[PDB]
Each structure stands twice: as C-alpha cells, then as structure tokens.
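Chemist:
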Amino acid sequence: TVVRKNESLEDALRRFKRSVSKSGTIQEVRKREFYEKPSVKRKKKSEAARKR
Amino acid sequence: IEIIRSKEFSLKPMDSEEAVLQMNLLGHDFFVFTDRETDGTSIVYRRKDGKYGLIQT
Amino acid sequence: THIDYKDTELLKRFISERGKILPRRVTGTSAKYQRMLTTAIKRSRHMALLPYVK
Amino acid sequence: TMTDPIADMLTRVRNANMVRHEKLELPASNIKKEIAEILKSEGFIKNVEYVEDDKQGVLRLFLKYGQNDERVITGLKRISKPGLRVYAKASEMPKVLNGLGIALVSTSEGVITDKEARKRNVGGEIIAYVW
Amino acid sequence: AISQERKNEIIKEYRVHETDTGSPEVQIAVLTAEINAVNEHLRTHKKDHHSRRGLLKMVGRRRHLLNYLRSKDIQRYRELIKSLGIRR
Amino acid sequence: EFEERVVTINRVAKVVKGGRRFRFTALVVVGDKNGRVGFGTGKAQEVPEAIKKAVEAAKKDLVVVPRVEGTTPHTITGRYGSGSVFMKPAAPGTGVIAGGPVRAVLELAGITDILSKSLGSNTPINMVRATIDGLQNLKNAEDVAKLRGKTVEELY
Amino acid sequence: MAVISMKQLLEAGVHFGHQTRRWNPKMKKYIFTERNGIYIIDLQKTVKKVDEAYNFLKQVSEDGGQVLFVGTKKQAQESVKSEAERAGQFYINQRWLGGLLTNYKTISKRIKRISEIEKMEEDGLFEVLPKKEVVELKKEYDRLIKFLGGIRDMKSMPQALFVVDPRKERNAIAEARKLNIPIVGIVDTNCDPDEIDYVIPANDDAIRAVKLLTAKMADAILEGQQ
RNA sequence: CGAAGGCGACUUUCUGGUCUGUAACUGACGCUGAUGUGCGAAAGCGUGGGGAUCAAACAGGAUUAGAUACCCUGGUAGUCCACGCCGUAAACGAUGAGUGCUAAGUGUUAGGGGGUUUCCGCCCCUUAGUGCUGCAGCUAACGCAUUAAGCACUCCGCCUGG
Numbered sequence: 004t005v006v007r008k009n010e011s012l013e014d015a016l017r018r019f020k021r022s023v024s025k026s027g028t029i030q031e032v033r034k035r036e037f038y039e040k041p042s043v044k045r046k047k048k049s050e051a052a053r054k055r
Numbered sequence: 131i132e133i134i135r136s137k138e139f140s141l142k143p144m145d146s147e148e149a150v151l152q153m154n155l156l157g158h159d160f161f162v163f164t165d166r167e168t169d170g171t172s173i174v175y176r177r178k179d180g181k182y183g184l185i186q187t
Numbered sequence: 024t025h026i027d028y029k030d031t032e033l034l035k036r037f038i039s040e041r042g043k044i045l046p047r048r049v050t051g052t053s054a055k056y057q058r059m060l061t062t063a064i065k066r067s068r069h070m071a072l073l074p075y076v077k
Numbered sequence: 002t003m004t005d006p007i008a009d010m011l012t013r014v015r016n017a018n019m020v021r022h023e024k025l026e027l028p029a030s031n032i033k034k035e036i037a038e039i040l041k042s043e044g045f046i047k048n049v050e051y052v053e054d055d056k057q058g059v060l061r062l063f064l065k066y067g068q069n070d071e072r073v074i075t076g077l078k079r080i081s082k083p084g085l086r087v088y089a090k091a092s093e094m095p096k097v098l099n100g101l102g103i104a105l106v107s108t109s110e111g112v113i114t115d116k117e118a119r120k121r122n123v124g125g126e127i128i129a130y131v132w
Numbered sequence: 002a003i004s005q006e007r008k009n010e011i012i013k014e015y016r017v018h019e020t021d022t023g024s025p026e027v028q029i030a031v032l033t034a035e036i037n038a039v040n041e042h043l044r045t046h047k048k049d050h051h052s053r054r055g056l057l058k059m060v061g062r063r064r065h066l067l068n069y070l071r072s073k074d075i076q077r078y079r080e081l082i083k084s085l086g087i088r089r
Numbered sequence: 010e011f012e013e014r015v016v017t018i019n020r021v022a023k024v025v026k027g028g029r030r031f032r033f034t035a036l037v038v039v040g041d042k043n044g045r046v047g048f049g050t051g052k053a054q055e056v057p058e059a060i061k062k063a064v065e066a067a068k069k070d071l072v073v074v075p076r077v078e079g080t081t082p083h084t085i086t087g088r089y090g091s092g093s094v095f096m097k098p099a100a101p102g103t104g105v106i107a108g109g110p111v112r113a114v115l116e117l118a119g120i121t122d123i124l125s126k127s128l129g130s131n132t133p134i135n136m137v138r139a140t141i142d143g144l145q146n147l148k149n150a151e152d153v154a155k156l157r158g159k160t161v162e163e164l165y
Numbered sequence: 001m002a003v004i005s006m007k008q009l010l011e012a013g014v015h016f017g018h019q020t021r022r023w024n025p026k027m028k029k030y031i032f033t034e035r036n037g038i039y040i041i042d043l044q045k046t047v048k049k050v051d052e053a054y055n056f057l058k059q060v061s062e063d064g065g066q067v068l069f070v071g072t073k074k075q076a077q078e079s080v081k082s083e084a085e086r087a088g089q090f091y092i093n094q095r096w097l098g099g100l101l102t103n104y105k106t107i108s109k110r111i112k113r114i115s116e117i118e119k120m121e122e123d124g125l126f127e128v129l130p131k132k133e134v135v136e137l138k139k140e141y142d143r144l145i146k147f148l149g150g151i152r153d154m155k156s157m158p159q160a161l162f163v164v165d166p167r168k169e170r171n172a173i174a175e176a177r178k179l180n181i182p183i184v185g186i187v188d189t190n191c192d193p194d195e196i197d198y199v200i201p202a203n204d205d206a207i208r209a210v211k212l213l214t215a216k217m218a219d220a221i222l223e224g225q226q
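Chains as they are written, first to last, in the authors' numbering: chain Au, 4 to 55; chain Av, 131 to 187; chain Ar, 24 to 77; chain Ah, 2 to 132; chain Ao, 2 to 89; chain Ae, 10 to 165; chain Ab, 1 to 226.
1. Please work out which residues of its chain come closer than 7 Å, Cβ to Cβ, to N18(Ah), disregarding the five sequence neighbours upstream and downstream, and give them in chain order.
2. So is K33(Ah) buried or exposed if we call it buried at 16+ other beta carbons inside 10 Å?
3. By how many angstroms is the C-alpha of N146(Ae) removed from the C-alpha of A174(Ab)?
4. Would you identify the three-state DSSP class for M10(Ah), choosing helix, strand or coil?
5. At a Cβ threshold of 7 Å, is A206(Ab) touching chain Av?
6. Using a Cβ-Cβ cut-off of less than 7 Å, list which residues of the region 149 to 160 of chain Ae approach chain Ah; keep chain order.
7. Please give me, in chain order, every unbroken run of the beta strand (DSSP E) with length at least 3 that falls completely inside the region 25 to 57 of chain Ah.
8. Could you check which residue in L144(Ab), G99(Ab), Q77(Ab) has the C-alpha nearest to that of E118(Ab)?
9. Quick one, which residues of the region 82 to 100 of chain Ae are near chain Ah if we go by CB-CB under 8 Å, in chain order?
10. Within a Cβ cutoff of 6 Å, which residues of the same chain sit near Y88(Ah), ignoring the five residues on either side of it in sequence?
11. Nearest-angstrom Cα distance between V37(Ae) and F95(Ae)?
12. Which of the three DSSP states, helix, strand or coil, is assigned to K46(Au)?
13. Taking Cβ-Cβ distances shorter than 7 Å, what residues in chain Ah pair up with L71(Ae)?
14. Could you tell me the distance, in whole angstroms, from the CA atom of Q225(Ab) to the CA atom of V3(Ab)?
15. What's the C-alpha gap between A63(Ar) and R35(Au)?
16. I want to verify the contact list: residues of chain Au whose CB lies under 9 Å from the CB of residue 80(Ar), in sequence order.
17. So, does the region 20 to 30 of chain Au touch the region 47 to 64 of chain Ar, judging by three or more C-beta pairs under 8 Å?
18. If distances are taken between C-alpha atoms only, which option among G55(Ao), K73(Ao), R63(Ao), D74(Ao) comes closest to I87(Ao)?
19. Under 9 Å, CB to CB, which of the residues in the region 17 to 42 of chain Au have a partner in chain Ar?
20. State yes or no: is the beta carbon of residue 151(Ah) nearer than 7 Å to at least one beta carbon in chain Ae?
21. Along the region 70 to 86 of chain Ab, where does the CB come closer than 7 Å to a CB of chain Av? Name the residues.
22. Under the DSSP definition of a beta bridge, which residues are partnered with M96(Ae)?
23. So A150(Ae) packs on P98(Ae), CB below 8 Å; how close in whole Å?
24. Taking Cβ positions, are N43(Ae) and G119(Ae) nearer each other than 7 Å?
25. Applying the criterion that 16 or more other CB atoms from any shown protein chain within 10 Å of the CB defines a buried residue, is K142(Av) buried or exposed?
26. Tell me the DSSP secondary structure of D188(Ab) in three-state form.
27. So, does the CB of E148(Av) fall closer than 7 Å to a CB anywhere in chain Ab?
28. Check whether the Cβ atoms of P158(Ab) and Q66(Ab) sit closer than 7 Å, and answer yes or no.
29. Which residues, in order along the region 36 to 64 of chain Ar, keep a beta-carbon less than 7 Å from a beta-carbon of chain Au?
30. I'd like the list of long-range same chain contacts for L100(Ab), defined as Cβ closer than 7 Å, with 5 residues on each side in sequence excluded.
31. What are the residues that DSSP puts in a beta bridge with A53(Ae)?
32. For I127(Ah), name the three-state secondary structure that DSSP assigns.
33. Just the chain Av side, please: which residues come within less than 9 Å of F16(Ab) by C-beta, in chain order?
34. Mind the definition here: the region 7 to 18 of chain Ao touches the region 27 to 36 of chain Ao only if three or more C-beta pairs lie below 8 Å; say whether that holds.
35. Any beta carbon of chain Ab sitting closer than 7 Å to that of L184(Av)?
36. Return no unless some Cβ of chain Av is closer than 7 Å to the Cβ of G88(Ab).
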C-alpha cells in the first residue's frame, strides 16, 4: 500500500518486492492452499521454530 | 550488501608474552586479552611495520 | 507498570506497518509485557483507535 | 508422608557412600540415633554428632573410607519393613556374610549388633544388614 | 468464591479463641459456605464440569476433618452438626 | 606357570557378497590353582593359534581370589548383565559342584569345595564374566578388619 | 630449596583456570574461587601437590627409569621438547600415534626403521635409485621423525609419564592405566583428576604457566641421577 | 493453564485450581485406594434446530496395462448449536500414584528478590514449572539420567510362549 513516485518503474518494483516479502501475504496463502490437520501444523510450526 | 563474518572469542587474563605466543599459534595479527597485572583489556597486534603494537581499550 | 489501551502513541510503535503485531523477537520486550500488551492492542482494535489492516 | 523413616535413613547412607561423600545429615529419632551410634562402635562410620534443633534435631554421620580410596560399607540392606515385619528367635538369628558383616536387631534391651544377641540369648525384630 | 468480609464474618462464630483461624471447626464452616456457594453456581450452570471436581475435592476435605474431629472429642462434633446443618 | 583350559570354540561366519567368512573364535580360562584366575577371548582362523591368542589375552587381566582354605570366604552372587552365578561356601570334603563354563573358572583357582548354581542366562561368555565379577567382590576376614578398624578376633 | 616460591609461581599465571560454564565438579578441591568467569586454582594447595610431584620423580630416576614427556597442545608443543633434552628423556611434539605404548611391537618395528633409513643413505645404495623414489624414501624419513622424533633412541617401555593435558591427550592416559604405569600431569578446569595419580593443578593455556612449571619437573630427575 | 480428554478474537458476570512470600493458627488431621461413583478426542445414535465452507456415500470427466484408487467438477449424511446417549483412540512421556535421597552445565516461564539501572536497559543470586546436554548408577542393547528407566519404602493396576 506504499506509493512510489519520482523514479522509474524498475525501481518501484524493488521497493514493492521487499514490501511484500516483509508481509504475511505470500507465506500466508501458500500455507492455506490446502487444509492441514489440526495437529500437524503444531509440528509444522515446531519445525519452523526449532530451526529458527 | 557486505557480510562481515564474526569470530567470537572469550576474553581471558594473561601476560603480554602469552598473548604473543597464542597469537603466533594461530597466525592472527590481532589478539585481545585482559592484561594479567594491569587488569585492562589489551589488544596485541602486528603492525604494517611487522613489529608488534599494544593497544589498551 | 500496566499498558492502558487509550495510550495510542506508545501502543502504535508496536503495531506493524500494515496493522499486524510485531513479535517480541523483533521488538525485544519481555514475556509478560508482550501479553499484557496484546490484550491492550486488541481492545484498541475494537474501538477503532488502531486498524486491523491498513 | 514418607512411610519408613529408618529405611530413608539407610538409603541416605548408601547414596552418600556411592559418590564418596563424607558428611550428611538426617532428620533423626531415637532409633535413628542409636543405629547411627552402633555403626561407629562396630566401626563403619567415623563419628556421629549431636542432636540440637527445636523440632526433630538433626545428626551428622561422617562416613569412613579406606586408605586406598576404598569404602568400608559395601552394601546396605533394610530387611524388616512395613507390610512384612520379620522377627527372629535367638536360635536361628542369622549371621551376615559368613560372620563378616553385622545385623543390628531391635530386641527388648535396646538395639544390639549381630554378635551381642546370641550370647545375650535374646531375639527380636531384625532391622537391617550392614556390610 | 466468597468475599473476605464474608469469609472473615464466618470465622467469628466458630472461632474458639481470638486469633485461632485454622482450627477444624473454623475451617469446616468456611467450607460449608464454599460448598453452598459453588453448587448454587453449579445449579444454574449444569455443564461446568471443571468446577465440579473443585467442589468434589473440598467435599472430601470437609469429610476428612469431620472424621478427624470425632476421633478426639465427640461432643464438639455434635455441636457443629446442630450449628450448621449437615447430615450424618 | 599357567594352566590353559578352553570353554568352547565357536564357528562364526559373516555374510559377504562373494565367499563368506571363516572366523573361529574361542574363550579360555587361565588360572594357577592358588588364588589367581583370568579369562579372555581370541579371534583367529588357525584353531591352535586361536587358542593361544585367547591365552595371552587372559594374561593381561588376572584377579586375586581371596580364600579361607579349601573354600571361598563368604556367600556372594555375581552379576554381569543377565548372567548371575551363586556361590555358597562348603565343607572341605564336598567337591566343587558347578555347571559347564563356571566349573572351569572355579577349578583353576584352588577351591575344590563350594556350592554353586548358575542362575539367569546361559551363554558362556557372560557367566564366566559374571563369576569373575563375583570373585572380584570377595573379602577376607583380615583385610576388612584393617578397613573397619577392629581385629580378627573383635569381628567375631 | 624445596618448592617453587609464591612470587614466581603466580607470576607465570597458574592461578587462572578455564571458564565457569566449562567446569568439572571433581576439581572443587583444587579451586580457590572464580574471578569474572575464570576460576582461581588454590595456589597454596598446588604447592602442597608440586612438592609431592617432586618427591617421587626424584626417586624414579634414582632407579634409572625412563619418564615419557608428552605435549600436543599448540601453545605448549615445543616447551616440552627443550625440557626433555635438558632431562635426557623422550619427548612427544606431534599427535599421539595411537599405540606407541600398547602396540609398540609394531612401533619399535618402525623405530628399527629410523635407525636404518638414515643409515641407508649415508652409505651407498643411493645413486642407483630413481630420483622420485629418493623423494618418498625421504618423505618417509621426515614423517617418521615428525611423530616418532622423540622416541628416536627409546627401545623399551617407560616407567612414568608426564602429560600437559589429560583432555587433548586422553589417548595416552587410557594406555597408561592399562599398563599400570604411574601418571603425573598438569590439570585444571575441564580436566578429570581421577585418572591422574599424581595431580598438579596449574593453568594450561599459557606458556609461562607451562614453561615455569614443566621445567622443574624436568629438572626433578637430574638430581635424582647423582 | 488443566487430573486427563483438552483449551487461541474481545468484554462482562459466575466459578475451580496452582505457585511465591510471611510466619499468626489447627496439631498427624497423612498417603494409596479394590467394589463404587463421575469426567472422557473424534466418528457414531436419538429428539429437534441450523446449514457457510469442507466433505464419506454417490454422479460424471480424465489417467493407467487395469480401478471401486490417485486427479478434477458436482454433491448427501456429517462437520455447527441445544438436550439426552454411546465410553471407546498409537486416550502415548508406548513409562501408576506418593515421599525422600544422589556430579554438574545450560535455555526459558510466573515470579521473588536483587545489584545495577535502562531512558526500562539490563545484568546479577531465589520456589515452583518447562526443555536441551551429561557423570555416578542402571539397561539385553538403544538409551535413561534431580521432570530416572539411579538408590529406597508404602499402596494399587497388570504380565507369565505364539
């Protein structure tokens, strides 16, 4: 939702590519592509935390 | 970007002669220690001279 | 101390750049501060002092 | 709600013996004091100490060790226990470890060693084996 | 549970002498307040099962003190049944 | 001088892609009939050389067996894992009664009169080591009084 | 006189130990206190140990025995070679070869080689060889005196062993206790004193803590000779 | 956090338990617990509701060597609520409960202190939780190791070839 002006379009993309990667959009909808079981995400979050 | 690799070391008390010995046993140009008698943090280093220099922080 | 849910300015440095919550991993607060914070950030979402998303 | 006091005494002594400790303390009694008094007379511990506190005064034991870092008490077993009390007549009052170790026995004179119960010709509840 | 001004009130009647809270009949009376308070809660909330073993535990700690109180003086036990209504 | 005695030879093969293996191992008991006994194993292929491999391996570990004469000093049970032998002293005219592997570790020290029974497991590696570990933990009457601080007559 | 005096013993810096969080609980007897992460080796008690370390090592050389000196920690490698030559004993600079006290019926097979391979090129049988076989006969020659350089003239088992660290040289101490060879060594924090019979509590990651402590134990055998 | 099953927006009411500290008070009032009596995931069943997504059964299209599988479109019971049931799970830490005792190192939780402070930062010693390493000891071996599978004592459940 960030406005980028006074430049080209190939530099507003460089802002926007990291203003989406630092957001819960792409990692959120890839998670909800399919219903996971209510006790396998507690281990999926555990693997995504024990590795840090 | 530039990535500076950190080498962690734990500060320890010793003679300056000991710091020279340990620094040579690694070939490191810098060795930082706490001085045995002065109690202060000391950095023995090899100058561009090739001679040793001693910094107290 | 205790976070009051009206004190918006100290409470909105903890909200994200979209309206999410910063974890205490990236902010650096303690444990009991973070969950005393989160019951005040969510009473302030309910009375429109802070958004849900921007 | 520990249920056997002088077995809890007797495994404090075994666990201190295993880690080469030389000093431990007990929540004491009369029978705890006078079992610990009878090990120094037979010569397993060095010296037992005083009973001092307001409620259930503690006492310290001072285990004794060999000169080649060996231990004196090698094995220590409670035989009578709640649920199954064992009693012995003076005729079949048994020798521990072919007469080497002892068997402190509560008889009607106060507790006495293995040796001191046959020539006294009294039996009673046989408390433990010390070897 | 019950408030402290409700709790400090009920330890005045069954007190044996001043500053003797923790006496058996002064901590049975405060249980019978807590028994009657929670099963009135539990009467209108019949599905609350986690609060029920809180009730059923302090029923057990009241019974173990009534059984204790008979073993050393029976005439004090008869007075407490008449003072606050219990069966048995 | 040492007295060799075998317990058993074993015929062991490990599976190879080509031809399988021909390892014949053996454990022996080595003692002197005076209070000093050791055991050991030896792996080779030449069978009389497989014996002498185990004999010299027994030579590095000899345990001193204390003894009141013609018997063992007191009553013990040895333990090593699952093997467990029993060891009661006997009168000096009874004869040593023991099983297969535990007789060889009892004859090679001079006792010749004790009660025994190998409780527990059965494999000859373990019960010959659960007997040495039993005979490791024997105590004379004289050296206990050194530690305990009394004399030999004060213990009785 | 008898012991190291108190001034030059702590001037070498032997009162330093290793770090707290890096501690062995069996070394509680030989620690006076910890000062800023570091422990304080009881200095009065290690004097009561280094004299006992001086007493037997006096009379080991009185029998004419051979005491083995080993040192492999990188800040104490060549502080034990120069003290073994002054003592006339056998040193180890490089890593433990893995059996030079236990499988030394195959190590003395190669101490026989170093008594032979240097004889092999001082005489003839050297011109007829190919020039690259000259290299591997010399590439064998230095690698013998790398590891077995201090065991050059040693042909029998030792009767005592002197280690600078039981941690890094744990392969040697495990061979010592199987042969019933008595053992003396410099230990500190992160060292087990159980396998060492004759304990010297001193610092281990300083040169003067080694060199002003390993020299007197090297000196301890010289006046045991005469 | 709870005894387990389990519990995740927010607010109020009603209510249960644990922990810390102080020592005022009661003075063994304790522990375990057959029979008994109550809780007990999901899927089920009953009487009604409600029905958004999802989805057994079912229908159709592809794949394949072949299908009733996998994949795709659609879809009913169910999933959800209220009241009664059912009482079973790899209900698992495959480890009953209670109380003692026995190297240490290290994260973290509510604290308690603290020394400091910090612009609150922290870093320090402290019950009770919760993890990861690791001696002694134990184990058949993996491994366990003050949250024992170590050393003991009590009581209950249970096993004795497939």
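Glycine included, every Cβ here is placed at the ideal spot set by N, Cα and C.
Modeler: Reading from the atomic positions:
1. Residue 18(Ah) sits at position 17 when you count from the first residue of the fourth sequence. Contacts found: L64, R72, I74.
2. Stepping through the fourth sequence from its first residue, residue 33(Ah) is reached at position 32. Its Cβ being crowded by 16 or more others within 10 Å, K33(Ah) is buried.
3. As a first step, residue 174(Ab) must be located in the seventh sequence, where it is residue number 174. As a first step, residue 146(Ae) must be located in the sixth sequence, where it is residue number 137. One C-alpha to the other measures close to 24 Å.
4. Looking up residue 10(Ah) in the fourth sequence gives position 9. Three-state DSSP puts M10(Ah) in a helix.
5. Position 206 of the seventh sequence, counting from 1, holds the residue named residue 206(Ab). Yes, contact with chain Av.
6. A150, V153, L156, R157, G158, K159
7. none
8. For the purposes of this step, residue 118(Ab) is identified with residue 118 of the seventh sequence, where counting begins at 1. Closest by alpha carbon: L144(Ab).
9. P82, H83, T84, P98
10. Your numbering for residue 88(Ah) matches position 87 in the fourth sequence. So the qualifying residues of the chain are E126.
11. The residue given as residue 37(Ae) occupies position 28 in the sixth sequence. The residue given as residue 95(Ae) occupies position 86 in the sixth sequence. Rounded to whole angstroms, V37(Ae) to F95(Ae) spans 21 Å at the Cα level.
12. Here residue 46(Au) corresponds to residue number 43 of the first sequence, with the count starting at 1. Three-state result, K46(Au): helix.
13. As a position in the sixth sequence, residue 71(Ae) is number 62, starting the count at 1. By Cβ distance, chain Ah contributes nothing, its closest Cβ being about 19 Å from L71(Ae), past 7 Å.
14. Here residue 225(Ab) corresponds to residue number 225 of the seventh sequence, with the count starting at 1. Here residue 3(Ab) corresponds to residue number 3 of the seventh sequence, with the count starting at 1. If you take the alpha carbons of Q225(Ab) and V3(Ab), they lie about 19 Å apart.
15. Along the third sequence, one-based indexing puts residue 63(Ar) at 40. Along the first sequence, one-based indexing puts residue 35(Au) at 32. For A63(Ar) and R35(Au), the distance between alpha carbons rounds to 29 Å.
16. This structure leaves residue 80(Ar) out entirely; chain Ar is present only between 24 and 77.
17. no
18. Taking the first residue of the fifth sequence as position 1, residue 87(Ao) is located at position 86. Of the listed residues, the one whose Cα sits closest to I87(Ao) is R63(Ao).
19. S22, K25, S26, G27
20. Because residue 151(Ah) is not part of the residues shown, which for chain Ah are 2 to 132, the question remains open.
21. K74, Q75
22. Taking the first residue of the sixth sequence as 1, we reach residue 96(Ae) at position 87. Looking at the DSSP assignment, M96(Ae) forms a beta bridge with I85(Ae), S125(Ae).
23. Position 141 of the sixth sequence holds residue 150(Ae). Position 89 of the sixth sequence holds residue 98(Ae). Contact doesn't hold; Cβ gap of about 12 Å is too wide.
24. Residue mapping note: residue 43(Ae) aligns to position 34 of the sixth sequence, counting from 1. Residue mapping note: residue 119(Ae) aligns to position 110 of the sixth sequence, counting from 1. Going by C-beta atoms, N43(Ae) is nearer than 7 Å to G119(Ae).
25. Residue mapping note: residue 142(Av) aligns to position 12 of the second sequence, counting from 1. Under this definition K142(Av) is a buried residue.
26. For the purposes of this step, residue 188(Ab) is identified with residue 188 of the seventh sequence, where counting begins at 1. Coil.
27. Stepping through the second sequence from its first residue, residue 148(Av) is reached at position 18. Taking Cβ atoms only, chain Ab reaches closer than 7 Å to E148(Av), which makes this a yes.
28. Stepping through the seventh sequence from its first residue, residue 158(Ab) is reached at position 158. Stepping through the seventh sequence from its first residue, residue 66(Ab) is reached at position 66. It is a contact, given that the beta carbons lie within the stated cut-off.
29. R41, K43
30. On the seventh sequence, position 100 is the one that residue 100(Ab) refers to. Excluding positions up to five away in sequence, the list reads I107, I151.
31. In the sixth sequence, the residue the question calls residue 53(Ae) occupies position 44. Answer is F33(Ae).
32. By one-based count along the fourth sequence, residue 127(Ah) stands at place 126. The answer is strand: DSSP assigns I127(Ah) an E or B state.
33. Stepping through the seventh sequence from its first residue, residue 16(Ab) is reached at position 16. Per Cβ cutoff of 9 Å: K142, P143, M144, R166.
34. yes
35. Within the second sequence, residue 184(Av) is the residue found at index 54, counting from 1. Answer no: the Cβ-Cβ gap between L184(Av) and chain Ab never drops below 7 Å.
36. Along the seventh sequence, read from residue 1 onward, the residue named residue 88(Ab) stands at position 88. No, because no Cβ of chain Av sits closer than 7 Å to the Cβ of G88(Ab).
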